[PDB]
Each structure stands twice: as structure tokens, then as C-alpha cells.
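Residue numbers (the authors' numbering), protein chains in the order written: chain AQ, 60 to 109; chain Ar, 1 to 143; chain AA, 38 to 60.
Note sheet for the following structure.
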RNA sequence: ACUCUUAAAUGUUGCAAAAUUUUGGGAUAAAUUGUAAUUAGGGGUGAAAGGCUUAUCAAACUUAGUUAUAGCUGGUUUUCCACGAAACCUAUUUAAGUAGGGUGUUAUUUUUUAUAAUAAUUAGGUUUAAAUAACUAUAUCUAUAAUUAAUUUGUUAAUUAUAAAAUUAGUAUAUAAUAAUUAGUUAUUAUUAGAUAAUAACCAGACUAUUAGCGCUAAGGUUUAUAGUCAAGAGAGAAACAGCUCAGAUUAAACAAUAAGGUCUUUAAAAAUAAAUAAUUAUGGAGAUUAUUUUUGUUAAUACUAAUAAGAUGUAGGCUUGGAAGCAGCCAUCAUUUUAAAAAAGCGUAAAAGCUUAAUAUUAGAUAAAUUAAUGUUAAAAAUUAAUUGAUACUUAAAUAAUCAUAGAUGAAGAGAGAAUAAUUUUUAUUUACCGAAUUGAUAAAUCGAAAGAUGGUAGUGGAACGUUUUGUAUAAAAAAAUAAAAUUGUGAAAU
RNA sequence: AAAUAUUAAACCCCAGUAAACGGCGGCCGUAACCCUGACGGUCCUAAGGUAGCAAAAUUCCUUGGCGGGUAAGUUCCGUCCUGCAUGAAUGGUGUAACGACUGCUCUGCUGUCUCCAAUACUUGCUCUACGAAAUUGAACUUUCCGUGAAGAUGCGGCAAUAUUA
RNA sequence: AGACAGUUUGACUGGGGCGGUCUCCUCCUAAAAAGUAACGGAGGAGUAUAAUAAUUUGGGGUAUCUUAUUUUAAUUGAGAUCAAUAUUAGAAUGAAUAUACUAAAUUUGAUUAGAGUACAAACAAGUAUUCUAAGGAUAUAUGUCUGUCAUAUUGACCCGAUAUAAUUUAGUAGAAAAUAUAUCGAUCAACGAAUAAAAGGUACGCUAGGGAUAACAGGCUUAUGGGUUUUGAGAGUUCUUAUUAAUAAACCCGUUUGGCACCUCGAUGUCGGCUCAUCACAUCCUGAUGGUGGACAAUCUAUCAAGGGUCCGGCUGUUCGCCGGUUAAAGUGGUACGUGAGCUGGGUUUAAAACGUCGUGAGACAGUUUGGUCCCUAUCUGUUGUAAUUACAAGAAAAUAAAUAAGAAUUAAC
Ligand SMILES: [Mg+2]
Ligand SMILES: [Mg+2]
Ligand SMILES: [Mg+2]
Ligand SMILES: [Mg+2]
Ligand SMILES: [Mg+2]
Ligand SMILES: [Mg+2]
Ligand SMILES: [Mg+2]
Ligand SMILES: [Mg+2]
Ligand SMILES: [Mg+2]
Ligand SMILES: [Mg+2]
Ligand SMILES: [Mg+2]
Ligand SMILES: [Mg+2]
Ligand SMILES: [Mg+2]
Ligand SMILES: [Mg+2]
Ligand SMILES: [Mg+2]
Ligand SMILES: [Mg+2]
Ligand SMILES: [Mg+2]
Ligand SMILES: [Mg+2]
Ligand SMILES: [Mg+2]
Ligand SMILES: [Mg+2]
Ligand SMILES: [Mg+2]
Ligand SMILES: [Mg+2]
Ligand SMILES: [Mg+2]
Ligand SMILES: [Mg+2]
Ligand SMILES: [Mg+2]
Ligand SMILES: [Mg+2]
Ligand SMILES: [Mg+2]
Ligand SMILES: [Mg+2]
Ligand SMILES: [Mg+2]
Ligand SMILES: [Mg+2]
Ligand SMILES: [Mg+2]
Ligand SMILES: [Mg+2]
Ligand SMILES: [Mg+2]
Ligand SMILES: [Mg+2]
Ligand SMILES: [Mg+2]
Ligand SMILES: [Mg+2]
Ligand SMILES: [Mg+2]
Ligand SMILES: [Mg+2]
Ligand SMILES: [Mg+2]
Ligand SMILES: [Mg+2]
Ligand SMILES: [Mg+2]
Ligand SMILES: [Mg+2]
Ligand SMILES: [Mg+2]
Ligand SMILES: [Mg+2]
Ligand SMILES: [Mg+2]
Ligand SMILES: [Mg+2]
Ligand SMILES: [Mg+2]
Ligand SMILES: [Mg+2]
Ligand SMILES: [Mg+2]
Ligand SMILES: [Mg+2]
Ligand SMILES: [Mg+2]
Ligand SMILES: [Mg+2]
Ligand SMILES: [Mg+2]
Ligand SMILES: [Mg+2]
Ligand SMILES: [Mg+2]
Ligand SMILES: [Mg+2]
Ligand SMILES: [Mg+2]
Ligand SMILES: [Mg+2]
Ligand SMILES: [Mg+2]
Ligand SMILES: [Mg+2]
Ligand SMILES: [Mg+2]
Ligand SMILES: [Mg+2]
Ligand SMILES: [Mg+2]
Ligand SMILES: [Mg+2]
Ligand SMILES: [Mg+2]
Ligand SMILES: [Mg+2]
Ligand SMILES: [Mg+2]
Ligand SMILES: [Mg+2]
Ligand SMILES: [Mg+2]
Ligand SMILES: [Mg+2]
Ligand SMILES: [Mg+2]
Ligand SMILES: [Mg+2]
Ligand SMILES: [Mg+2]
Ligand SMILES: [Mg+2]
Ligand SMILES: [Mg+2]
Ligand SMILES: [Mg+2]
Ligand SMILES: [Mg+2]
Ligand SMILES: [Mg+2]
Ligand SMILES: [Mg+2]
Ligand SMILES: [Mg+2]
Ligand SMILES: [Mg+2]
Ligand SMILES: [Mg+2]
Ligand SMILES: [Mg+2]
Ligand SMILES: [Mg+2]
Ligand SMILES: [Mg+2]
Ligand SMILES: [Mg+2]
Ligand SMILES: [Mg+2]
Ligand SMILES: [Mg+2]
Ligand SMILES: [Mg+2]
Ligand SMILES: [Mg+2]
Ligand SMILES: [Mg+2]
Ligand SMILES: [Mg+2]
Ligand SMILES: [Mg+2]
Ligand SMILES: [Mg+2]
Ligand SMILES: [Mg+2]
Ligand SMILES: [Mg+2]
Ligand SMILES: [Mg+2]
Ligand SMILES: [Mg+2]
Ligand SMILES: [Mg+2]
Ligand SMILES: [Mg+2]
Ligand SMILES: [Mg+2]
Ligand SMILES: [Mg+2]
Ligand SMILES: [Mg+2]
Ligand SMILES: [Mg+2]
Ligand SMILES: [Mg+2]
Ligand SMILES: [Mg+2]
Ligand SMILES: [Mg+2]
Ligand SMILES: [Mg+2]
Ligand SMILES: [Mg+2]
Ligand SMILES: [Mg+2]
Ligand SMILES: [Mg+2]
Ligand SMILES: [Mg+2]
Ligand SMILES: [Mg+2]
Ligand SMILES: [Mg+2]
Ligand SMILES: [Mg+2]
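Shown next, in the form of C-alpha cells:
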């Protein structure tokens, strides 16, 4: 059913024809998934100094 | 974005769907430093949580120092817009709710001048556990 | 509501005859 | 009675194209009803609901214009041989349509303005970048020239500005400068097309790899770019699979070597030599436990382990405090006695008391092992530098391996099933070999072609044929039809 | 050929018409306590919602607030008033009688229900005579999970069934 | 005189509609040739000007900072500095520095005619300009000039019009008229422009098509949602973890609000209730146990655990929810938010009618209110029950075991 999340095996050389799996997993060395429920901070002219 | 008129102008910037950069780290001002070890969106609360604990280290009562301890160079770069709940796609771009800093791989978050080696290792480990990011601590001694 | 769009067409600029060619 | 039909059940291809049964309204009146007749299609009639007008009414029925029109749906009848697309651009009361370009086929011509590969070569301004011109922010230095307060004003103390010099981070719409590849032209080699004419189909695209823009850098999402495959394409491997890999099928037929893949059994095909794991073994998270291996150094023979003991004093330090006695908090971190013992690294108290570590002793057990480089031979009741590896403890820490890290709803459901403790089986590394496609080579035939070799194919173009009806050939010759079965020939429709 | 002068109905201007249609305000401050606002000014309008009724067949916030009835009531009755978006022949208010009209309540009554049982006929089942209907790719027609044009009797994988009525 | 009639009443679009846009210019997107889309991000244009134009001439090079000067500078002098700033008519990019800015003298090249290549390019359209001829300006000219530094600064054809370098045949000659060279007139802005000439309603509705395109449901996603886990601001006498938990973080599930628009548009479906059920466990009670700021009791928290059990009633269309009363407890959810070829049809989505509001009007409403029609004989699967035929061991009449499966009521006052 979920042809999206069918992971490719050996003979399927790193790719299925309708999978969105391998393209997700390349992003966990330069991307992290953020959140809404954080503190609102809106001043781009903020000073990070102590 | 555009740094010319920050407050006046309304600002938008492209999300960068795969942005990766490495910048060769090296100390300039001081002895020891903390450096990041992964491309990441560095929030502000990632700093303000452990802001006091640096003052307790670098600054103390009844002691005067002429030279400077900390050198920070952090500025905001990414507006991070978003849509509402029941809104279809199209019909334009979303609106703002926050601001962030997109940092590269090897980024000098902090540069220190004669600060207690024993505490910063105790700090950066706790820093990295809240954040779950890889961070490092470096000193001219070990190098 | 969007007020944007309205770009123009590209203009066929650049070099048409390169070095060594016949003229 | 008659007339109408409120309410329910039944019935719903029923007894009935609106009824039966029970109940109920009006019942001398704006009543009910028979006979015959009038009013007629955007008009009739209407105590008005868009109702009725022969079961048909937001405009009847019948015939006729009329074979109404349809950029729409549904459909388009026998065979063989060759070649072989598109789902892009530009315009459109246009977006499921159409037109031209682009791609396809055929034909013609003393016909290359062509495709691929290699190499040389030219511009560029993505990218690169301990680069920094700009924007946003920013750390330092200094000649020189000056200041302020105070009677320690022939001193002391604290300070300011500045030429030259000068750091650092960031960015879609930041770059003086500067990559590879792509692209243009030229040459070389190899293929075989190119140009013109006559003319059809397409103009809803899908996925994957790389790359970007909107989006929760969510969606089998949506829109562009560069290749590939489906589309228009079977066979083998992926448990089963339009889009991933291998590969590109003329047809035939009980030969062999191979491609991705796979070799315990199911399942066709192999074993050897070394090692990892012991978990009902695949299959993964922040992070935790255990084990192993490797590593840093201002460390150290009183190493380390165990048993017993000790862990003190000036001192309740000074101050503060309702109290502060080593240990709320502030300043200080001195000194002595000891073989050693912190104005204490901690627990503890209302404050005291009391407990434990660091530092340490007695006794026993017990680790300290291997090396490199120098001034030829003369100092000495005597003394040797620089340096490594390794055993142990403290210390810096990381890595590898296994285990755990909760799970949904018809039934193990993950891992194709079962099993297997590495002995022909999971995993890792060397070695030698095999099975395995419609691939390739070998054999036979057909068609194009001198020959080598070519022949998948949708829309779609072109070529070659079968069968049926009619007429003439026929002023000639004669039963050749139809139905069923079998046989025979043909690449086949079919024929005899 | 063109132009000027002469002029009708109609149109404009003007007047009239509101049981024709239609329409009906706000700001400032003011009284032994804020708030309240008889009043007084203030700006505007053609005029400023008068009488009366009012959570209504009209109320978005709303199961509005209080009371009544019920062991307990979003509905019902009565009542108050920010009437979101009441209002006078699109008629306002009230009203005895009449209603196969709509909403709420009471007594009585009872298989509606707690809780369903027994009985009669019909229908039905068996034999017999007669004999329809829409439908229907073919059919030797199994469960589960997985699979996939995305919810499988039909593919894959472990299995089930002596055969049929 | 809509009294009557014949007709129009745009398109794109992440359903459609409301809203916004529709042509042209510049950058980013754009991935070092050119090109490259999106209801992607931003800004601009529908002009100006007879000198802001053409040829010569002069001046300081501009700009930034400091300083001195018969206190004055057409535009003083000197010195240092400037990855090319200052500017260059207006947006942005690009480029120039013999630029640009400034002063001045002569002047109209912002003229006419004819031939042709190249870029670009479906078409049409648009662009740069050399060469030849006439007739001029400038003034050593030897030469330079066919509007402005550049790119946008607009509109086809038809019809018609003013001035005219040329021709004429509706019998002939003229008039009339047509055409030709130069030239003017449109927010035809839906900007390739279908007409000179154009708005709405349909709950009375019809037909052709579409899952190319929406609402319920399935499927993918899981921002949101719920839950586990790590960290531990702050309460808890002290004290982070008896209890509690902000913030930050790593995964899971697929019950909510939603995004997309893959299946179904060639007879059906919406919530709720009656009857009937089945499954999970992330368990409300019962049962076992650890911990406790646990004396006992009552209670709080966590783990293991699915055997059996889990209320009636009033108001509402109602799940829910409030209320009254109780119980050992009155569980969270999935199954086309289970169950309409098994029942109901009260709500909501047709036709009638009314009030309020909007609207000239037809009429409309994520407002209210009264009323209000879809049907079925079960072929197969599946299932509750009942038999027939046949087989096995020689044939037959009877009695049993074995094996597997199914089933089993919970609670507890006193
Ligand atoms: Mg565009
Ligand atoms: Mg452009
Ligand atoms: Mg009667
Ligand atoms: Mg009566
Ligand atoms: Mg009566
Ligand atoms: Mg009506
Ligand atoms: Mg009738
Ligand atoms: Mg009609
Ligand atoms: Mg005709
Ligand atoms: Mg027509
Ligand atoms: Mg071919
Ligand atoms: Mg294509
Ligand atoms: Mg048009
Ligand atoms: Mg169409
Ligand atoms: Mg064509
Ligand atoms: Mg062609
Ligand atoms: Mg450059
Ligand atoms: Mg540098
Ligand atoms: Mg940098
Ligand atoms: Mg860039
Ligand atoms: Mg089209
Ligand atoms: Mg298209
Ligand atoms: Mg496409
Ligand atoms: Mg498309
Ligand atoms: Mg995607
Ligand atoms: Mg897609
Ligand atoms: Mg799509
Ligand atoms: Mg294939
Ligand atoms: Mg296959
Ligand atoms: Mg291939
Ligand atoms: Mg072959
Ligand atoms: Mg072989
Ligand atoms: Mg075998
Ligand atoms: Mg881990
Ligand atoms: Mg002791
Ligand atoms: Mg003492
Ligand atoms: Mg004291
Ligand atoms: Mg003390
Ligand atoms: Mg203490
Ligand atoms: Mg104390
Ligand atoms: Mg002491
Ligand atoms: Mg072994
Ligand atoms: Mg072995
Ligand atoms: Mg061969
Ligand atoms: Mg072939
Ligand atoms: Mg062929
Ligand atoms: Mg009125
Ligand atoms: Mg009043
Ligand atoms: Mg009420
Ligand atoms: Mg009440
Ligand atoms: Mg009332
Ligand atoms: Mg009114
Ligand atoms: Mg009224
Ligand atoms: Mg009146
Ligand atoms: Mg009326
Ligand atoms: Mg009335
Ligand atoms: Mg009344
Ligand atoms: Mg009355
Ligand atoms: Mg009545
Ligand atoms: Mg009422
Ligand atoms: Mg009973
Ligand atoms: Mg069968
Ligand atoms: Mg299935
Ligand atoms: Mg198969
Ligand atoms: Mg099967
Ligand atoms: Mg009309
Ligand atoms: Mg008219
Ligand atoms: Mg017509
Ligand atoms: Mg449309
Ligand atoms: Mg839409
Ligand atoms: Mg380019
Ligand atoms: Mg890029
Ligand atoms: Mg395109
Ligand atoms: Mg504009
Ligand atoms: Mg100028
Ligand atoms: Mg000059
Ligand atoms: Mg000067
Ligand atoms: Mg200009
Ligand atoms: Mg400019
Ligand atoms: Mg001119
Ligand atoms: Mg060209
Ligand atoms: Mg052209
Ligand atoms: Mg131009
Ligand atoms: Mg010029
Ligand atoms: Mg025209
Ligand atoms: Mg004549
Ligand atoms: Mg004449
Ligand atoms: Mg027009
Ligand atoms: Mg148009
Ligand atoms: Mg157009
Ligand atoms: Mg165009
Ligand atoms: Mg109506
Ligand atoms: Mg229809
Ligand atoms: Mg849905
Ligand atoms: Mg998921
Ligand atoms: Mg979330
Ligand atoms: Mg506390
Ligand atoms: Mg705390
Ligand atoms: Mg679809
Ligand atoms: Mg479906
Ligand atoms: Mg249809
Ligand atoms: Mg059907
Ligand atoms: Mg459990
Ligand atoms: Mg249960
Ligand atoms: Mg039991
Ligand atoms: Mg009652
Ligand atoms: Mg009720
Ligand atoms: Mg209760
Ligand atoms: Mg449904
Ligand atoms: Mg349901
Ligand atoms: Mg059903
Ligand atoms: Mg009105
Ligand atoms: Mg009634
Ligand atoms: Mg049957
Ligand atoms: Mg069946």
C-alpha cells in the first residue's frame, strides 16, 4: 500500500520507483526539523553579548 | 534578506533546500574556544539558557581586568516564515513568527582569553546535551 | 492576495562570434 | 348515503402506472352530480400551489424544416512485410480545441548546412576563497597635541581625543579577481545522413537520480533545469511491483560461455583458510549498561590490595548574627605539633557534637621490564646528560561490538516461511569455482543487402497480397455450389 | 451643398403627492459616590424610531438574568431590557368563538416499555398441475496479513475443504 | 413603456466563487554561453526635452580629509587618500573616467532618396548600422553628426481625415470618387485587438460530458493533536525526580483541526438512537507487586495483567455536556467517525409558506420557524442449523478411548 516507504534492497540499487525514503535520510547531517512552540523572538537587531 | 533597512522594510528570504558550507576554524584573539561541528539553525534560546553560566565564569565580583575575555560575532540571518492553519497552498508566501541564525560547520561561537579550562568542558557537554548538537571545545594547550 | 509577478523576457545578449571564427 | 382524503400500518416487478383496511373532515349549501356544449398553446383556465390542460406541462400533442447542430462521449469489420514520434516553445473569449515551428514517414537529387568520440582553442564570473569593495555589526594599537582633582602643587593619582598602522563574522537579489563540465568554432577518426518538396499525428504527461523555488528543506505534493526509463518495451533480478538494476526479443530447436543477482532446505548452483557475535542473531535514534582495544600527561614506588588504627593543633580565626564552634554569608588561606592530616572537597547540627574522603603509617601479599645516541685512556674515600616502548594506579578521553531504549486495533504480519550457534547456513576479510536472460557465439529457414550486418513497437505513413458482389473474356467449355469431418499446402488472411 | 431665423409632443428646471415606495442621528459636560442624565449647549439632517410591544415564527454572543412547575427541564408559562438585524394598512396592540394546525403540562387508560409469553386464520415448508421479473464478460467462485490504480475470492506467502443439496 | 421579443452576460485560478491579476521594462530564481516556469520575491513604465540635441573651444580631473590665504576662491594654492567613488533626467542592473559636471561661440543631421547584410525569430513584429546619391552645418579638419550613455516610455488592420513630389477608363471631356508620398485620431488596458453597439437570478429546473474537478469516507503527509522517553526553571520544612514540572531535546502512534486531489461522477447516502456485535491496551473497578513525606484506615504514583464486568432517568434532534440519584467501577478508542440490500428518519441539503437582514428586481443566507416518499423474491462467498450420496479397514450390528478446538458470569455487603 505504502509504496512510498518501501525501502530499497540490494538489487534495487538504492532506489525504488515511487519511494521517498532515501531522499529524507540524507538530511540528517545538515538539517534538523524545527518546532512551533518556542519562545517568540522578533528583534533582528538583537545583541548576543553577555 | 536585505540588511539595508531592517526595521522599516518587510523582509523575506528563500529557504535554502540544501545549503552546506565549511569554514576553516582557527583562533585569532585568544587561547581557548568553542566551535560548532555541524550545519545547523542556531536559535537564540540556545544561547540565553546558558548565558548566565558564562558570566559566572568570565566575570566575578571585585576583580578588574583590562583586556577582554569573550568575542562574539552572532547575528540573525533567517526569518523563517510560515502559513496559518486552514490555508490552502498558493496565494503567496507565509508570514513571520521568529528569527534564527544559519551557521556553517566549523563556526567559532565563542573565543576566550584565559578562562578556566575545567568549567568550559563541564559547560559545553551540558550545552550539547540540551541542544543534541555536536559541539567541541579547543585550547591552545592540547594543540 | 499577491501583487507580484510581472517579470520580463530574457534578452539575447552575449558573444555571437567567438575567437578564431570566420567573419 | 354522498363527497373530500388528516393519521398510522400494509403494499412498492402491488388487487392498483397512487389502491386496500382502520380512523377522520364537511354534510341546506361559497354544496354534490348526470346529459349535451363552450374557452385552447406563451394563449386558455386558475378561491394562485408555478397548479390543470387524455397517465406527458418554467410553455402540450402530431406532422414538417430535418439525416437539426455538437471543438463532447461512445464505436469504426481480413492478412503479412519495412521505418517510427509527441506530451515542449509561441499566439488564442484560449486552456479537454486549433494553428505554424520542433520531432515522424514517403519521394527526388553528380547529395554533409549532419550525429557521436578524442584533442586543441575562445569568452565567461556559478563555484573557490586565512579573498573583503559594498551593506549590517565589530576587537585593537599610536607618534603628536592636551585635560581634571588635591597643598604629599620643584610632587602624587586618575584620565581623554587623534594622522600613519589594523582584526573578525554574516548575506538569494556582495564581489577587483578566479575552477571543472556544458556551449561556439577548427581539425582528426568512425558512422551514415543532410537539403528541398508533398503531408499525418502530438500540444492532459508519470517516476527515479542530481538540482532549485512555494510548502512543517512534510506529502506518491506543486513548478523549472540536466540525463535515464515507462509512455510506445517483453525476458532475468527486486517475496508479489508500468517508472529502480542487467538487457534491448525476426521465427525456430532437449548445444556452450556470461551480465545484475544468488549457492543450508523450499530453490537450480561451492567449498577451503583465519577471525567477530551468543542476542528466540536482519533493521538502524538522543541516550544508558557491559566488555574489549587504542590514547593524552606540569602525575607517581610511600604504586597498588586487604585488615587494624589515626585523620590533630594555635582556633569557637576575624566580621556579621536570635545563633555562625573547619563547613548560612563576607575578607583572609597564616602557623604549629606530627611519620601524615585541607581556616577543609562533602554529608551531619537549633548552634554544638558526631561520620567520610585528600594527605599517611605498622604488618603481610605484591608491579617496576626491555632499549637508542655520545669525548680513544684516566677525575674519584664521591657525582653523569637528551630520549623512547611497556606492566600497575590516578588522569585526558574517544572508538568498536553486543543488549535495552512501549505499542496499536479481522490473525506471527517484522525478516518470503521454516531453521541454523557457524562444522556445506547469519556477519567480516583473502582465495579458487559454479548455477544464471528471449544477451552473445554455434545450427536451419525467410525478407532487404555485393558483403559485414539489419528486422521490438502505440498514434501514425508506405509497400505486397487473400476473400466477397457485379460485368466482359464466354457464339467458348461444363455441373466448380452449400453443410460437417479428416487430410494437404501456404510466412498468414485463406485455398484445394 | 451648407448655415441662420420660425416651432409640436417629449426631456430638464419648478410645483404637488407619503393607507405610494422609502427613510427616521451623533458629540461634550452636567444633579451630597464612580456610573446613571430630566436639563443645557454642540455639529448635522428632508425629518430624527412617537404610541405600543419586546430573547418574539424577528436574539449572533445564548441553555441570557430572576421566579414558577419537575426528585432533576437547553423546550413551555410569566417577567426584566444594549431591540446584533422590532415597529404601525409588507399594517402595530389586544381579543370571546372555530380549528383533522404548531409547542408545553395534568387526571384517567393501557403490552408503547420493564419483558415478553400462549393461541386462531393467512403466508410459509412437503407432494402435485401450471409458470414470471429486473439481472448476468466467462467460472472448477475459500480465511488472514502483505501487495498493488492506494479497502483483493483471482498476484505473493504459510495454511483450510471428501463431494453436493 | 421588460407591456412583448431576440441575444450577450471573458479567461487564468492548486474545486469554484468573493478578492486580485491580464501589455511592456530591470535584477534574483537561473545552476560562469543563450534560454528557463510558478497566485514566487521586490521595484517600476503609459513620460520628459528645441535644448537636456549636432560640430568645434576653454577650465579644474571628480569625490573624501587636513591646512594656509592682501577673507578671498568663474572651479584659489599646497599635501595626503581613493579593489572607481562623485555623478551620468526618472526603477533596477550593467558600463563608462577622452566619463560626468561647468563656461562659451557658430548652428538645426531631431534632413530627403535607393540598395543590402547580420543578430533575434513559429508567423507578423522589433533591433544595430555600413555602402551609394543629392542638399547642409562645423572649421587646420585629415575628420566628425542621420536626436538624448544604454534598455520601457506603447497598439495591428479596416473605416475616416489635413497637406501634397503622381496617375486615372462606368460612352467622350470635366466635376465627383478611388489609390499613391508625408502625417494625425483608442485605458480596443481582456493591450495579437472575435461586434460601432451588452447586466443578473434559477430552492421549478433540463441535456451533454468529467473522478481531466469539490463536500462524507479510504489512501499519503502528521505543522497541529495525544502519548512515551532524556534534561530539570520553580513548589514540596531541608531537598531536582514520594509527589510535582517550566524550558529544551530524541522517537512512536494515526483517534482531532487541516494540506494534497491517487481510486469511485454510466442509481445512493449524513450525524444520532433500537437490535446485534468484535478487536486493541496506551486498564476505570476487581486480582498480584515495588516505592512513599506509608503509624492503622482512606489515598497518591509506577510496573505486570485483557480472564469476566462496566447503570437507569429529566431537558435537548443529539453524540457530548450540565443536573438528580447510585454503583466494586460507570474506561480511552478502532472496525466506510462498525452496523440504513437488518428497523427507524427526529436533525441537516429540494419543491409550499412566513418573520428578520441584504438586494432596484427576479431572488439570496456557515440565520430562524411549521410541514414534508425511494424499492427489492438473495446466484456465489460467509454463517446458524438439518440431512443425503460415497470412502476406510473382509462385510456388518453396537459400545469407547485418543487428538485438536470451542465453552466457562463478575462483585461482595453483612
Ligand atoms: Mg514568471
Ligand atoms: Mg531578465
Ligand atoms: Mg365520515
Ligand atoms: Mg368531529
Ligand atoms: Mg363544524
Ligand atoms: Mg415558488
Ligand atoms: Mg397531468
Ligand atoms: Mg419555449
Ligand atoms: Mg435546411
Ligand atoms: Mg452553437
Ligand atoms: Mg524499429
Ligand atoms: Mg518529455
Ligand atoms: Mg481574443
Ligand atoms: Mg474543449
Ligand atoms: Mg506543422
Ligand atoms: Mg516537419
Ligand atoms: Mg567580476
Ligand atoms: Mg583575510
Ligand atoms: Mg567568512
Ligand atoms: Mg549567488
Ligand atoms: Mg492545449
Ligand atoms: Mg501542456
Ligand atoms: Mg512536466
Ligand atoms: Mg502540468
Ligand atoms: Mg517530493
Ligand atoms: Mg507528482
Ligand atoms: Mg498533479
Ligand atoms: Mg520490462
Ligand atoms: Mg519481472
Ligand atoms: Mg539500459
Ligand atoms: Mg539475438
Ligand atoms: Mg559457466
Ligand atoms: Mg540444490
Ligand atoms: Mg545510541
Ligand atoms: Mg577508622
Ligand atoms: Mg577545636
Ligand atoms: Mg569568631
Ligand atoms: Mg568560619
Ligand atoms: Mg554542608
Ligand atoms: Mg553550620
Ligand atoms: Mg585546621
Ligand atoms: Mg570457524
Ligand atoms: Mg566457514
Ligand atoms: Mg546466432
Ligand atoms: Mg529488435
Ligand atoms: Mg517492426
Ligand atoms: Mg412603510
Ligand atoms: Mg421607543
Ligand atoms: Mg430562552
Ligand atoms: Mg430556570
Ligand atoms: Mg415567554
Ligand atoms: Mg427594520
Ligand atoms: Mg417589519
Ligand atoms: Mg404610516
Ligand atoms: Mg401576508
Ligand atoms: Mg395581520
Ligand atoms: Mg397580536
Ligand atoms: Mg383568542
Ligand atoms: Mg385545520
Ligand atoms: Mg417559544
Ligand atoms: Mg428475561
Ligand atoms: Mg472450489
Ligand atoms: Mg489486502
Ligand atoms: Mg505473477
Ligand atoms: Mg493466494
Ligand atoms: Mg427578456
Ligand atoms: Mg429598452
Ligand atoms: Mg440563436
Ligand atoms: Mg473558469
Ligand atoms: Mg480555489
Ligand atoms: Mg546562464
Ligand atoms: Mg546555487
Ligand atoms: Mg516551460
Ligand atoms: Mg505596477
Ligand atoms: Mg547629458
Ligand atoms: Mg571638453
Ligand atoms: Mg586640491
Ligand atoms: Mg536614461
Ligand atoms: Mg541608476
Ligand atoms: Mg524625422
Ligand atoms: Mg540565428
Ligand atoms: Mg519579422
Ligand atoms: Mg528602441
Ligand atoms: Mg548622434
Ligand atoms: Mg475590425
Ligand atoms: Mg455602361
Ligand atoms: Mg469620363
Ligand atoms: Mg473591438
Ligand atoms: Mg484578447
Ligand atoms: Mg491576448
Ligand atoms: Mg509578444
Ligand atoms: Mg420556497
Ligand atoms: Mg446530468
Ligand atoms: Mg477526505
Ligand atoms: Mg509515519
Ligand atoms: Mg508534532
Ligand atoms: Mg525549595
Ligand atoms: Mg531545581
Ligand atoms: Mg483526481
Ligand atoms: Mg476508494
Ligand atoms: Mg456521466
Ligand atoms: Mg458500474
Ligand atoms: Mg501494560
Ligand atoms: Mg473487554
Ligand atoms: Mg477461566
Ligand atoms: Mg414528561
Ligand atoms: Mg424530549
Ligand atoms: Mg453523576
Ligand atoms: Mg460511508
Ligand atoms: Mg457510521
Ligand atoms: Mg449495509
Ligand atoms: Mg427593501
Ligand atoms: Mg400534518
Ligand atoms: Mg442459494
Ligand atoms: Mg462470490
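Virtual Cβ for every residue (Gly too), placed ideally from N, Cα, C.
How is residue 108/Ar classed by DSSP in three states: helix, strand or coil? Within the second chain, residue 108/Ar is the residue found at index 108, counting from 1. If DSSP states are grouped into helix, strand and coil, residue 108/Ar belongs with the strands.
Is residue 13/Ar close to chain AQ? Criterion is C-beta to C-beta, closer than 9 Å. Residue numbering aside, residue 13/Ar sits at position 13 when the second chain is read from its first letter. The beta-carbon of residue 13/Ar is placed no less than 9 Å from the nearest beta-carbon of chain AQ.
Exercise for the section: Could you say which of 58/Ar, 73/Ar, 72/Ar lies nearest to residue 66/Ar if we only look at CA atoms? Expected result: By one-based count along the second chain, residue 66/Ar stands at place 66. Comparing Cα positions, the closest option is 58/Ar.
_Near-chain AQ residues of the stretch 79–92 of chain Ar - C-beta to any C-beta below 9 Å_ = 79, 80, 82
*How far does the alpha helix (DSSP H) with residue 57/Ar in it reach, from first residue to last?*
The residue given as residue 57/Ar occupies position 57 in the second chain. Segment 52–58, the alpha helix (DSSP H) holding residue 57/Ar.
Assuming residue 123/Ar and residue 53/Ar are in contact, meaning their beta carbons sit under 8 Å apart, how far apart are those beta carbons, in whole angstroms?
As a position in the second chain, residue 123/Ar is number 123, starting the count at 1. As a position in the second chain, residue 53/Ar is number 53, starting the count at 1. The Cβ separation is near 6 Å, so the contact holds.
- For residue 95/Ar, does the three-state DSSP call read helix, strand or coil? In the second chain, counting from the first residue as 1, residue 95/Ar sits at position 95. Three-state DSSP puts residue 95/Ar in a strand.
Spatial distance of residue 68/Ar from residue 37/Ar (CA atoms):
For the purposes of this step, residue 68/Ar is taken as the residue at position 68 of the second chain. For the purposes of this step, residue 37/Ar is taken as the residue at position 37 of the second chain. Approximately 25 Å between the Cα atoms of the pair.
### Query
Around the Cβ of residue 108/Ar, are there at least 16 other Cβ atoms within 10 angstroms (buried) or fewer (exposed)?
The count along the second chain starts at 1 and reaches residue 108/Ar at position 108. That one is buried.
Query raised in the report: Thinking just about the alpha-carbon of each residue, which of 141/Ar, 34/Ar, 83/Ar, 41/Ar is nearest to the one in residue 127/Ar?
Result: By one-based count along the second chain, residue 127/Ar stands at place 127. Comparing Cα positions, the closest option is 34/Ar.
Once the 5 residues before and after residue 75/AQ are set aside, which same chain residues still bring their CB inside 7 Å of it? Reading the first chain from its first residue, position 16 is the one you call residue 75/AQ. Once the five neighbours on either side are set aside, the close Cβ partners of residue 75/AQ are 65, 67.
_Run through the DSSP bridge pairs and tell me what residue 22/Ar is partnered with._
Locating residue 22/Ar in the second chain gives position 22, where the first residue counts as 1. For residue 22/Ar, which the question treats as bridged, DSSP gives no partner whatsoever.
- Query: Which of helix, strand or coil does DSSP assign to residue 64/AQ?
  - Reply: Here residue 64/AQ is taken as the residue at index 5 of the first chain, counted from 1. Of the three classes helix, strand and coil, the one that applies to residue 64/AQ here is helix, per DSSP.
ask   = How long is the line joining the alpha carbons of residue 39/Ar and residue 15/Ar, rounded to whole angstroms?
value = Position 39 of the second chain, counted from the start, is the residue given in the question as residue 39/Ar. Position 15 of the second chain, counted from the start, is the residue given in the question as residue 15/Ar. Taking the straight line joining both Cα atoms gives about 14 Å.
(Q) Using CA atoms only, rank isn't needed, just tell me which of 90/AQ, 81/AQ, 73/AQ, 80/AQ is closest to residue 105/Ar. (A) On the second chain, residue 105/Ar is found 105 positions in, with the first residue counted as 1. Closest by alpha carbon: 90/AQ.
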